[PDB]
């Protein structure tokens, strides 16, 4: 499986509401991107799926860390800014 094929696997998982498997696939993609492998998939795309999926597993702190990374690499990302605000709000409540 190429990086892009792993991405398509994770996207397929996500589209079915299987967030646990989305995380596994997207962590594999992100590992390969961060190791410098070439693909058409971008780190921003992977982080967008990965952050949301992690939050669905119940992990706010990790979802926030991933969203901050996403925003660092993609400041005009529509949803990442709104998500960051939402997650930061949840963090103040705990």
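Numbering follows the first chain given and starts at 1. Here, rigid core means the biggest group of C-alpha atoms that superpose within 1.5 Å across both forms.
For the pair 13 to 21 and 78 to 86, greater average C-alpha departure from the shown form in 5 other deposited structures of this protein after core alignment is found in 78 to 86. The stretch that strays farther, by root mean square C-alpha distance over structures and residues in 5 other deposited structures of this protein after a rigid core fit, is 34 to 42, when 47 to 55 is set against 34 to 42. The stretch with the higher mean CA B factor, choosing between 20 to 28 and 70 to 78, is 70 to 78.
Of the candidates 34, 59, 65, 48, the one whose C-alpha carries the top B factor in the deposited record is 34.
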